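Read through the structure below, which is laid out as structure tokens, and then see the notes.
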Number of protein chains: 2
Amino acid sequence: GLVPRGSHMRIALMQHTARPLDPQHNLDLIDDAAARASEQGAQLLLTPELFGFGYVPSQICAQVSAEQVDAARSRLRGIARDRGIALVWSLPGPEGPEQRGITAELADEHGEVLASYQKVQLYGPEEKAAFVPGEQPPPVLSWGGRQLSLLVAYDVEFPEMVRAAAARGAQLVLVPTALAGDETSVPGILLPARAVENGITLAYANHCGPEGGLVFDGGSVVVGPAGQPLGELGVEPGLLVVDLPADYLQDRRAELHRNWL
Amino acid sequence: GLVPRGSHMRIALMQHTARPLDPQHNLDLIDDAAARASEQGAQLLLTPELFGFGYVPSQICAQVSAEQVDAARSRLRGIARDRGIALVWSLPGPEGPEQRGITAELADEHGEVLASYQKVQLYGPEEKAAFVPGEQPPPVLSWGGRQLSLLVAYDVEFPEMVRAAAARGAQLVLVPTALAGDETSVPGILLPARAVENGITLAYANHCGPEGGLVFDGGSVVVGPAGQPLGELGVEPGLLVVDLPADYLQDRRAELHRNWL
């Protein structure tokens, strides 16, 4: 509804099912969500991990070329510009099939790519075969009055990954994901802790329903600094729209912690 | 009740109010709990942070001598031996008032002190004035068929501290605490995450009720590896008795995480 008195940031999360290896279909779905989010007053849309090709790691490695990834990336830059909305997507990275990782990028409302990040924590044997892990810490950048960061899926389950973002100043961590198998503890136990233990907000945008042999949980959610959901979806497709409104980060004895991991 | 088929470890947690600066009274309370726990078949009793002198950091620094700490320590070693129960307590450390920290020690059922640990993460200005922070990682040792570790209070709120224990092999992390001010997020959001994110069990033994100007929350709890409470108390004094029955620890990219804290 109308923009509320105490908020100058409205975000949207797209939760939907992707079709393996059908980028025209999946990117159309993102385009539809982007238009809808923009009409609803959202300034940014977060979309799920690997949505443009479906969550099919071994098929992506075997069948999706670099030129086909770049074509999807171009289309997504165009959707950000043409729908006038910042957009976070996740595709394979730009290198050859055996050299690339899983990435996330943020384009602003002008279509300018502000940040790119390569998933550091790959999940399971299929992802580890299909992709190269990232080696760089999460980026943190000013946008819309806050410091935003990016992580991908399994990364958020590691307190170290969220702490790395918060250490660089992050306030709002945006996380494309692909979580299947009724893993309730991730959004139900881990995200709230990641929010509280850093004093940050996180947004987690999942696939939902059957896709690529798996059953995605939905459960997309935005969690505030007190660990409470500001908004959440269940298992069905949806567009979640949320208005955003002793100290751990300074107290942590990071010079000792770094020697004890 | 009777020892159950699938469990060979029964632990107890003492939740009670301490009297500031009255060790005879507070150590009697521990003795009472130890006897009761042993009768109930528990093999170990966990007791709260600084219970023997009360949670009064500035008064401990100003008024409690090293010889008075050592006298309390001796009494607690004797309670472990004489009640035939392993005992985790927390007192000031053994040094002079301006050189010591807040510690936790574990004595076995023979009264042998197996481990000592000095709290690394001091909470607030009063503790930081009254005590010196620890510089060593948490200890991990075999006892009762598992790897046990110790942390104290605020330490457990840092994922890095629990990860440091789990990295050394910990399976069961025992935590004397003193949590006041209706801080629900600690036992309600952070402990479950610390358990899940490491695949461990944690035990958290609090004070309860008014003491030393503060109002302790109770809420003592044992959390299993799925993040669910195996047993819990509310705000009243009690003796909680619990029978104990992709992979984060190996997947974490600790060599990168250590550079990003």
Side-chain angles (χ1 to χ4, degrees), chain A residues 1-3 7-55 68-92 102-117 141 143-146 148-153 172-178 201-209 211 216 218-222 230-233 236-244:
Chain A
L2 303 184
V3 173
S7 183
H8 298 75
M9 189 177 287
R10 177 173 291 186
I11 67 170
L13 290 65
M14 175 192 181
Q15 174 165 293
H16 213 311
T17 312
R19 287 198 178 159
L21 311 179
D22 191 350
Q24 179 177 329
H25 173 93
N26 297 328
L27 300 176
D28 283 358
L29 288 177
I30 292 177
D31 184 57
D32 291 345
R36 289 179 61 205
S38 184
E39 293 167 11
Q40 291 172 44
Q43 292 104 48
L44 181 147
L45 178 64
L46 175 61
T47 66
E49 179 185 34
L50 290 170
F51 195 87
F53 295 99
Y55 185 77
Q68 292 164 330
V69 174
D70 173 75
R73 185 176 183 259
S74 289
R75 168 112 198 249
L76 285 155
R77 292 178 56 176
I79 288 166
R81 186 188 70 239
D82 294 349
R83 297 305 188 184
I85 193 174
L87 190 62
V88 177
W89 65 81
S90 164
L91 287 175
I102 295 171
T103 69
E105 294 194 292
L106 167 65
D108 72 9
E109 75 164 323
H110 311 299
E112 294 299 292
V113 178
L114 307 187
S116 310
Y117 166 73
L141 61 108
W143 177 94
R146 295 180 197 224
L148 266 65
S149 191
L150 303 174
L151 287 174
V152 179
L172 173 59
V173 179
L174 307 174
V175 188
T177 197
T201 297
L202 299 99
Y204 189 72
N206 198 15
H207 297 236
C208 58
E211 168 184 344
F216 294 90
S220 298
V221 63
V222 178
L230 298 178
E232 69 203 303
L233 299 177
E236 308 290 336
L239 187 66
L240 177 64
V241 178
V242 178
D243 288 312
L244 309 182

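Reminder, nothing fancy here: chain letters follow the sequence lines and each chain counts from 1. Every heavy atom of this structure was used, including side-chain atoms; hydrogens, water molecules and symmetry mates were not.
Looking only at side-chain heavy atoms (C-beta outward), A/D243 and A/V3 stay at 4.5 Å or farther from each other. Two residues are said to be in side-chain contact when any heavy atoms from C-beta on lie closer than 4.5 Å; A/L44 and A/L174 meet this criterion. A 4.5 Å side-chain heavy-atom check between A/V69 and A/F53 finds at least one atom pair inside the cut-off. For the pair A/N206/A/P48, no side-chain contact is recorded, criterion being any heavy-atom separation below 4.5 Å from C-beta on.
When atom types are taken as modelled, the side chain of A/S90 and the backbone of A/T103 share a donor-acceptor pair closer than 3.5 angstrom. Within the 3.5 Å criterion, the main-chain N or O of A/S220 finds a donor-acceptor partner in the side chain of A/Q15. At least one donor-acceptor pair under 3.5 Å links the side chain of A/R10 to the backbone N or O of A/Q40.
Here the closest non-hydrogen pair linking A/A18 and A/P20 is O-CD, 3.7 Å. Nearest heavy atom pair, residue A/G84 against residue A/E109, reads O-OE1, 3.6 Å. Across all non-hydrogen atoms, the minimal contact from A/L141 to A/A115 is CD2-CB, 3.7 Å. Closest approach of A/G111 to A/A80, counting heavy atoms only: CA-CB, 4.3 Å. Taking every heavy atom of both residues into account, A/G231 and A/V242 meet most closely at CA-CG2, 4.2 Å. When all heavy atoms of A/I85 and A/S38 are compared, the pair lying nearest together is CD1-N, 3.9 Å.
Here A/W143 contributes atom CH2 and A/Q43 contributes atom CD; the two are 5.5 Å apart, rounded to the nearest 0.5 Å. To the nearest 0.5 Å, atoms OG1 (A/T17) and CG (A/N26) are separated by 9.5 Å. The CG atom of A/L148 sits 6.0 Å away from atom CE of A/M9, with the distance rounded to the nearest 0.5 Å. In this structure, the separation between CG on A/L233 and NE2 on A/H16 is 11.5 Å, given to the nearest 0.5 Å. Atom CD1 of residue A/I79 and atom CG of residue A/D28 lie 7.5 Å apart, to the nearest 0.5 angstrom. The CG atom of A/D82 lies 11.5 Å from the CZ atom of A/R77; values are rounded to the nearest 0.5 Å.
Residue A/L46 forms a side chain to side chain contact (heavy atoms under 4.5 Å, CB included) with just one option from A/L87, A/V175, A/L13, and that option is A/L13. Among the candidates A/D70, A/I30, A/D31, the single residue satisfying the side chain to side chain contact (heavy atoms under 4.5 Å, CB included) test with A/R75 is A/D31.
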Run the numbers on A/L76 and A/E105 for side chain to side chain contact (heavy atoms under 4.5 Å, CB included), then give the verdict. CA-CA 10 Å; A/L76 285 155; A/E105 294 194 292; over 6 Å; no

Could you please spell out the steps behind the side chain to side chain contact (heavy atoms under 4.5 Å, CB included) verdict for A/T47 and A/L29? CA-CA 10 Å; A/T47 66; A/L29 288 177; over 6 Å; no

Would you please test A/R36 and A/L45 for side chain to side chain contact (heavy atoms under 4.5 Å, CB included) and show each step? CA-CA 10 Å; A/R36 289 179 61 205; A/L45 178 64; over 6 Å; no

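No more than 12 heavy atoms of other residues, nucleotides or ligands lie within 6.0 Å of CZ in A/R19, so this atom counts as exposed by the packing criterion. Residue A/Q24 places its CD atom among 12 or fewer non-hydrogen atoms of other residues, nucleotides or ligands, all under 6.0 Å distant.
Under the 30°/60° scheme for interplanar angles, the aromatic rings of A/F51 and A/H207 are found to be tilted.
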